[PDB]
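# Inside the fold
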Amino acid sequence: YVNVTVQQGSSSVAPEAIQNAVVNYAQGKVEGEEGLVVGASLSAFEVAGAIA
Amino acid sequence: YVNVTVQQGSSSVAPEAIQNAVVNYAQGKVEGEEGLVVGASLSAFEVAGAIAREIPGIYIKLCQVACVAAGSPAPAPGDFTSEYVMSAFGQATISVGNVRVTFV
Amino acid sequence: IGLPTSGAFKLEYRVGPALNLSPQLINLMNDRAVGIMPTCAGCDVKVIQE
Amino acid sequence: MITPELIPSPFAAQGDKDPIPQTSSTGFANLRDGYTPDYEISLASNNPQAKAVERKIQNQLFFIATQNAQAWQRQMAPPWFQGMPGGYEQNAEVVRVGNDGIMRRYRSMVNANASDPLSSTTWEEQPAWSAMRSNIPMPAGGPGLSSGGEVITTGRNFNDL
Amino acid sequence: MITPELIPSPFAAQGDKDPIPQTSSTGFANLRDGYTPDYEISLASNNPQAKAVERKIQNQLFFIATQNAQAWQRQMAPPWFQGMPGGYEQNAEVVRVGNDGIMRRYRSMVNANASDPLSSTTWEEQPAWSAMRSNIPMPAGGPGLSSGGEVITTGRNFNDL
Amino acid sequence: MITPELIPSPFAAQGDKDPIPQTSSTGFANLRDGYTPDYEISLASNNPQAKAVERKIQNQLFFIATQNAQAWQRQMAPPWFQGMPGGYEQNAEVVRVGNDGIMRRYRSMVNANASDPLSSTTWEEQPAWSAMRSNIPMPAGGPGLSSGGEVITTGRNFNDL
Amino acid sequence: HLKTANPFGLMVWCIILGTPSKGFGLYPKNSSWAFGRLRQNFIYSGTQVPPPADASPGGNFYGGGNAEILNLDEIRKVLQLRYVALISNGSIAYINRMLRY
């Protein structure tokens, strides 16, 4: 599970593009950072980095 | 001051790469992220986001941030929190020596 | 060297009086994490040996 | 007067340190040989024994020096190093951690004394003159710690003493 | 015994030594990290954070150890230091030189006490064995340091007592 | 209370070492200037006194620091060195090889004490605490070393007094 | 790869084979002071900037031993050996012949 607290900075509205990013990173889609694998370790800093 | 507890992945990395990534983010040289402008809150989650920005694959375990007055002794362990909020007339500067990298 | 290096599923290298290989080299090849040595899983192989 | 400025924290306190190998076959900054002669050839010649001075070795050396110096500066005396090579010779007053929490000085009396100070008869305390003098029923100067005050030429009050 | 032959004077103690800061934001040689990893980058990298090894820091580092060592050699107890972080633990002793100039060894009778030892009742003065042997008013065998002579060997005049 | 690491042997114990002088002639190490700044100069640039960092000098400096720390850990007191320049201020405390090699604490009573404590009447030899408990003609609390027991809650029977 | 004297190529191969590059000794040499007239010297505050560039243009701790090799020829040998390890099936005649090679 993940709960995030954001501020909607820079006046760029994006309400529900965050969980898409989180699941996209978890599935291993992102480049260079393999997501949740059999040996992974679910990390708040990693998921925050994926959102960033 | 930023304390990071990175874990080395497959590819090799040096702590100075992490320090330079953090400093570049703080100065705002990265695209999109404003950085530590006047009245910009210092979030360890944003710092970890910048480390994941520049160094993929490295597994960040624990990131903590602390804020002290200029020309003052470095904060003791335990003063570091998960996020520091800042007033509207302050600015945080992060040098390469204030980023302490631990390879767990 | 007698040679057999008695045991199962595990052996070792032997090198160094010839090529003047650096001790730093030998130490690096002796690190299992780097994984540069030809290895089979289920064999412990230490390089060391001069 | 020699007062070397206070050492707040030893060099490379929380930094990286390489424990110095006691003896190294291939000359590697060992205690027995020190910086061996192979730490002097040019690195460009590509000869096998072209070592370089390790940052963590230097850090550990300065850490050992500053740590011992600071311990001397603060607690007057080295602690009791358990597993001491050759035990502790006669007249060796190691500062020992108290079970209660007070630092307590125990002196080994016998040559090469090797037992723990707390659990050995050989180690004997060297306390302060207060608890020391408490063993004297009739201390010189009476209440006074110093030897003086015992003798009063004047006719001092007999009631107060 | 291991004889640490007395060094005539500390190292470089008339020349130059830049003080060692506790921490360095510019990634220089501090105390918390010793020699930083920035002292490992190749200088040929054209990396600005690659710090070459300076010797003002080296001279200060060697001077600290040499001066502490010679103070240990020439004055026994560590000099008391103004405001030691954490005061001084129980039973810890130092030497606070007085206006007389003689060394005045002081023991901490109060835990974590930071009081000035020259003007402290807590920092008790450690007297000499002559002081103790005179503080006992009835010493066996006259003023001798040894307690021998308890029983008189032969017929001798009581005038000696 | 900081516990250093057991020093089993000083650095460069059995390595080549060179004596560091006090006075300088060229870009050579000293004890008051240390590493010379003026002839510090580019060593690979055909310059007259152009100097390189000396393995012998640095190895012996580490040897000296580690030797002082090691001796501090073991004997807790500098050995009195034969005719050391500068003299000793009074009340200085040292221990050094005695008549038999049996050593005890010595405290000087005179400033500029140039005499060896084994041959000095000014240096007074300080034995342990059992010597106080012997010097008192009767030990408080009987054979009991601690003062506790000198006053007895229940009347001490005289069948064994 | 046999002639990857160019350290940049050695590094490209560290990426290709996946070798952790922390333990390698690339970049030009002549940056360690250590001891001896053949190595670098310390540096000071030559405020005047004299032409000899004080004692040295640098001098660092780069080249930490006990794990790091400095000669690039042995780096080439190590990378060839890692390729052999990657494609190895455990055969001994094969590995001996490639050690020979």
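Residues numbered from 1 in each chain as written, not as in the entry; some residues may be left out. Chains lettered and ligands numbered in written order. Part of a larger assembly, values for the part shown. Heavy atoms only, no water.

Structure determination for this PDB entry is given in the record as cryo-EM, at a resolution of 3.3 Å.

## With respect to the overall build of chain G
Regarding its fold elements, chain G presents three helices and zero strands. Starting at the N terminus, the α and β elements of chain G follow one another as α-α-α. A globule of 101 residues ought to have a C-alpha radius of gyration of about 13 Å, yet chain G, at 19 Å, is considerably larger. Dimensions of chain G, computed from C-alpha atoms along their principal axes, come out at roughly 65 × 25 × 20 Å. Across the 101 residues that make up chain G, the buried fraction comes to 50%. Sequence-distant contacts, at least 24 apart, represent 55% of the contacts inside chain G between residues at least 6 apart. As presented, chain G carries roughly 5,200 Å² of accessible surface, and 63% of it is formed by carbon and sulfur atoms. (Helix = DSSP H or I, 4+ residues; strand = E, 2+ residues; numbered from the N terminus. Rg over C-alpha atoms; globule rule 2.2 N^0.38 Å. Buried < 20%, exposed > 50% of the residue type's maximum accessible area, 1.4 Å probe, protein only. Contact = heavy atoms within 4.5 Å. Areas by Shrake-Rupley, 256 points an atom, 1.4 Å probe, with all protein chains shown as cover.)

## Quick word on the overall build of chain A
Looking only at helices and strands, chain A features two helices and zero strands. Principal-axis analysis of the C-alpha atoms places the extent of chain A at approximately 40 × 20 × 15 Å. About 3,900 Å² of surface is accessible on chain A, with carbon and sulfur atoms providing 53% of the total.

## Details of the relation of the copies chain D and chain E
It takes a turn of 120 degrees to lay chain D on chain E, together with a shift of 0.0 Å along the axis; the resulting RMSD is 1.1 Å. These values place the two chain copies in the arrangement generated by a three-fold rotation axis. When C-alpha positions in chain D are compared against the rotation axis, the closest is assigned to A65(D), at 3.4 Å. (Least-squares fit on C-alpha atoms.)

## Points about the state of the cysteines
Among covalent bonds in proteins, the disulfide is the one between the sulfur atoms of two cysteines. Summed over all chains, the structure comprises zero disulfides over all chains. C63(B) takes part in no disulfide bond, and the closest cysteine sulfur to it belongs to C67(B), at a distance of 15 Å. Note on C63(B): relative accessible area 1%, which makes it buried. We note that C43(C) lacks a disulfide partner, and the nearest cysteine sulfur, in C40(C), lies 5.0 Å from it. (Disulfide = S-S within 2.5 Å.)

## Some points on the layout of surface pockets
Looking at the second largest pocket, its volume works out to about 1,600 Å³. Together, 41 residues line the second largest pocket, and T5(A), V6(A), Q7(A), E33(B) and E46(B) are the ones closest to its centre. The set of elements that each furnish at least two residues to the lining of the second largest pocket consists of α1 (18-26) and α2 (44-51) of chain A together with α2 (44-54) of chain B. The greatest single-element share of the lining of the second largest pocket, amounting to four residues, is contributed by α2(A). Class assignment of the residues belonging to the lining of the second largest pocket gives a composition of 21 nonpolar, 14 polar and six charged. (1 Å grid on protein atoms, 1.4 Å probe; cavity = no way out; pocket = protein on both sides within 12 Å on 5 of 7 lines; lining within 4 Å. Points joined across faces, edges and corners; volume = space filled by probe spheres on them. Nonpolar A, V, L, I, M, F, W, Y, C, P; charged D, E, K, R; others polar.)

## Section: the interface of chain E and chain F
Facing 46 residues of chain E, the contacting portion of chain F comprises 52 residues. Summing both sides of the interface, chain E and chain F together bury roughly 4,200 Å²; the carbon and sulfur share of this comes to 62%. Looking at the side of chain E facing chain F, the largest losses of area belong to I2(E), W72(E) and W129(E), adding up to 18% of the total buried there. For the interface between chain E and chain F, the tally reads one salt bridge. A salt bridge links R105(E) to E93(F); its shortest N-O distance comes to 2.4 Å. At the boundary of chain E and chain F, one finds 16 residue pairs in polar contact. Within the residue set of the side of chain E that touches chain F, elements represented by two or more residues are α1 (56-75) and α2 (129-135) of chain E. Considering each element in turn, the side of chain E that touches chain F owes the most residues, eight residues, to α1(E). Its residues assigned to classes, the side of chain E that touches chain F comprises 25 nonpolar, twelve polar and nine charged. (Buried area = accessible area lost by both parts, 1.4 Å probe. Salt bridge = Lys/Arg side-chain N within 4 Å of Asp/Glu carboxyl O. Polar contact = N/O pair within 3.5 Å; in protein donor to acceptor, adjacent residues only side chain to side chain.)

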